[PDB]
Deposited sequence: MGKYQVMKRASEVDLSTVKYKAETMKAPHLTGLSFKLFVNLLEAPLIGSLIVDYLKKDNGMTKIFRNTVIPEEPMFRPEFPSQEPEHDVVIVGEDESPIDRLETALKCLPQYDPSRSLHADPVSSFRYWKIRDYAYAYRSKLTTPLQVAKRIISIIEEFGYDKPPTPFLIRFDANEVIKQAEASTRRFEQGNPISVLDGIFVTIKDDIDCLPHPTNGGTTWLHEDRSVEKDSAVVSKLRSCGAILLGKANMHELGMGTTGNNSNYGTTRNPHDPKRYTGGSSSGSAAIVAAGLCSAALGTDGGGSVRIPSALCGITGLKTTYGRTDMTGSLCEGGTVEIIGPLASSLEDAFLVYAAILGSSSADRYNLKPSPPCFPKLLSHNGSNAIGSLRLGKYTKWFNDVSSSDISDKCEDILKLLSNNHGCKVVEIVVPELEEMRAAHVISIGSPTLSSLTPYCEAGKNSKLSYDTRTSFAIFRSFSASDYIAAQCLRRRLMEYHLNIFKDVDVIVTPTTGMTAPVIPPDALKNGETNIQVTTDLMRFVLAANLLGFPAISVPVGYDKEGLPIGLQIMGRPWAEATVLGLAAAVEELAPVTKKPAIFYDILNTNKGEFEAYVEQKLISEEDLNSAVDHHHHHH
């Protein structure tokens, strides 16, 4: 008749791992479009959705279960014990000043590195040694984009690109290097911006064709304004899975961005273009949003570093997901050092988040690791083995287990077996928590006739989101509190939680799916198996490359840490990067700086 729970009294020894995959048929092309027309049909559409929610257990969770916890509408963090062996940064420092402090946290630059990706400090040294100039690098990047059509269908990196704007900024940066006063280590560094983040002079479409018609861009987002103040060069707007409602990167409007390691495979989503352009070496870094693993997933599949920061750590003003409760804006880069430097530039809460969320002052890790590494070795690594191993290929669990052994051997890290209850409830709570504000912010435009302009993938999701009731939303926030309590208790015993980033490597794109998208829940299920807690509960998490599977496809490891502990997850990731450097040059790669 009805079931009941309670979180603080749950016997953790009785918690069982729930392994059943959400099952649904894979649809592409005409069958997919007919299915969406059925979903949007006045009467039978609701009937279908109600059957889907009853079959996957969401109705039992939202409507047939007594939940004793009060709702947690946004991540609520208790005071955390201060991090160990970190540098405390002022809360109201400028990005320029934070970059000066960030350089002091890195090992001394050795001009012997100028396969290995180029680093931000390699560019910065080349600009200052007049070995090259930002204008020349810009011409080289502009040449490659125009030659291969990376700003055009059918496989673009960028869906908004103004070569004159890029030349304009690069000339101003070159002039500052010629005059001998660069703004910072980021002066002249090229950064790509995901199309759900505002970046002048470009419009923001979120991967749609039409959003610019209804939402204009008057000023830079907070993250872009901070990068621009450092002298960084904004390259353009990156392709993405439409409005963040996907984890593959499939885009019917502009074409699907291809994985540089294998152009027949997906990049991962939704920050598809951002990850690909960095993996190909065209630009140093990119910014992306992560609401459902949207930064970490494509970073893992494309073999780069993606950092998901604590909820509210980085001001999201000027983006399509501002006001959301699961999303962040984070960096993607081809090395830990580069991702750390971009984080130093963009971090900083909005004024409202500063009072509401009460973050501890940002901290930087000491990556020069001497005196070291007593800090890394004292870290306790939580492993949920049944969860850790639930992957499609043993290559993934093998490669990530090897990294844990390497950390124990070289530093002394202790791996602690943990249990994470109610992963099924977490997925249900996350989908309605990310989908309700996304649908809500677009509902006036869609009610005004623009719903048919969306892709069939988005329209499938929106048909599901429209069936979520307000009372469903309340119940899901009560589940958020349950999962927060479970994770905070785990964080009493361990410092981080380690998993593979994804349950599969880069999947091949079904050719029939390029025409008008697809629905393939079994693929989206494997891709989101490990990432959702960082979003529903707000913890920071990073994806760091740790090798390749039998077919040479990159494998990612996820380190999720305590609230506001980016410095901890960054330092542990730097130790992982020491033990597992990225060695394979991607099939699609460009050696700028030559």
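Gaps between the deposited sequence and the modelled coordinates occur at 1 to 3, 118 to 125, 606 to 636, listed in sequence order.
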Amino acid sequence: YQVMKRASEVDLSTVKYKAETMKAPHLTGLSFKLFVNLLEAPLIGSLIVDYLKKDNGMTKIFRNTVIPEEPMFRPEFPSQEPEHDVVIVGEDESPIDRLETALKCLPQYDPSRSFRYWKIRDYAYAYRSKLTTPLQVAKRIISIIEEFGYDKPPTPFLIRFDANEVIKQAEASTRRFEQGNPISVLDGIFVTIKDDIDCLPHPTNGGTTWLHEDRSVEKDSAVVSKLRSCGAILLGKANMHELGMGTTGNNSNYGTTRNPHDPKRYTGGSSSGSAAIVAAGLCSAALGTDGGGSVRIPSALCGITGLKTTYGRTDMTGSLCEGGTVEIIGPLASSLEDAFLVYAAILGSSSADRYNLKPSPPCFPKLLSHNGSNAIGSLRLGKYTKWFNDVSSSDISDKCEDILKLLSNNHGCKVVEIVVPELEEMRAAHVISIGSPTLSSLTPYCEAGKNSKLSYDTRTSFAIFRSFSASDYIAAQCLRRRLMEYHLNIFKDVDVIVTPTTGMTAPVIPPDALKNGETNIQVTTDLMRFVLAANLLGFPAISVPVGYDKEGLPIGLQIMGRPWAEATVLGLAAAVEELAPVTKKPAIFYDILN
From here on, numbers count along this sequence of modelled residues.
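Taking the PDB entry as given, 19 to 27 carries the higher mean Cα B factor of the two stretches 19 to 27 and 5 to 13. Legend: mean Cα B-factor per stretch from the PDB entry, 187 to 195 versus 135 to 143; the higher mean is in 135 to 143. Comparing the C-alpha B-factors of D353, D290, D262, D338 in the entry, the top value falls on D262.
Based on the entry's C-alpha B-factors, the most elevated value among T247, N205, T325, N374 belongs to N374.
In the deposited entry, the Cα temperature factor of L570 sits in the bottom third of values across the chain's modelled residues. Ranked within its chain, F62 lands in the middle third, by CA B factor from the PDB record. In the deposited entry, the Cα temperature factor of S229 sits in the middle third of values across the chain's modelled residues. Sorting the modelled residues of the chain by their CA temperature factor places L368 in the highest third. In this PDB entry, the Cα temperature factor of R466 sits in the bottom third of its chain's modelled residues, the lowest group.
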